[PDB]
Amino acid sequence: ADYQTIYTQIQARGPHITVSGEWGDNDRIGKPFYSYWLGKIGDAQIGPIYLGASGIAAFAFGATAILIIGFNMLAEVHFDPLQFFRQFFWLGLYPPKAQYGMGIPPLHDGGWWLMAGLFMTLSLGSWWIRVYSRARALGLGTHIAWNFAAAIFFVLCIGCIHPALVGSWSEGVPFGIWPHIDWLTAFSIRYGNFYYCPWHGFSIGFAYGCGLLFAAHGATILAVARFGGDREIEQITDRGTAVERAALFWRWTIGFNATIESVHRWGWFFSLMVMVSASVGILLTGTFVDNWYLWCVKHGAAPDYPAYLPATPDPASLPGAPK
């Protein structure tokens, strides 16, 4: 076997490299240090990190959201530290339970939730500027930032755009470990079974597709590490036997193949489309479709099955039934 593909048998150490960017060189902090054990499976060097105004702002806004959520969770256990720790996963900061439409809810029924959502958004925005700016500063394209923009957009869809489109803050995602999970079921139930939403399906096909493609691509490059396949940029600019063999592996297996550059386009696209597809689904839900299962029945697509135990009429529809 190529043991190098499992771990680095002999580690190298040398002087730290710094690449100058257009601005910000004096805003890096930390003194790099090395981990021997990390160096078995990754680069041994940890740090330094760029600071900068946008990352500072991301932390300020993020910390404020975290404090708002945190202090509300604490209120939920009446400020008992031991019960906080115990009950943590079950604790949450919730959107309005009552229907006030798009009216700013009172603090005791959604208002803190809305405030947390605002600071979280400001935090993501600020981080996005960091992700985009660092690329420009180092003379790189902004591919990562466009992919990150789509993930942010999706969070905005389930957090506030869909709420705004149906006209109710009560529909937003709660903050909390189990509470954000419980939202998934309430949402799927209210909108008629998210398995019947095509965009849920497309998002999944892309997410599973990312699984498939990162397994395949990661395994492919490991299988050609012996010919320097991992040196991808110079394989793009000067095709070597590594990527000739990679392409032929696939061509011979599935009948077609990518190039070392374009396989990264496919990965970037699949990843993007997890979030694009989910967002379209969310924007259509409640706005233009109320029950996805019924929408699939209407359009001829839902499977149907025989009764196993007897078919059961709705008792509310029987003669003489109570309400």
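For every residue, the number given is its place in the sequence shown, counted from 1.
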Segment of higher mean CA temperature factor, 102-110 or 176-184: 102-110
Tell me which stretch has the larger mean Cα B-factor in this entry, 122-130 or 213-221. 122-130
Highest CA temperature factor in the entry: which of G267, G255, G286, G30? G30
Based on the PDB record, which member of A149, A207, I189, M115 exhibits the highest Cα temperature factor? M115
What third of the chain does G39 rank in for C-alpha temperature factor, lowest, middle or highest? middle
Ranked by Cα temperature factor within the chain, is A75 in the lowest third, the middle third or the highest third? highest
Here the Cα B-factor of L82, set against its chain, lands in the third termed highest
How does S54 rank on Cα B-factor within its chain, lowest, middle or highest third? highest
Of the three thirds of its chain by CA temperature factor, lowest, middle or highest, which one includes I282? lowest
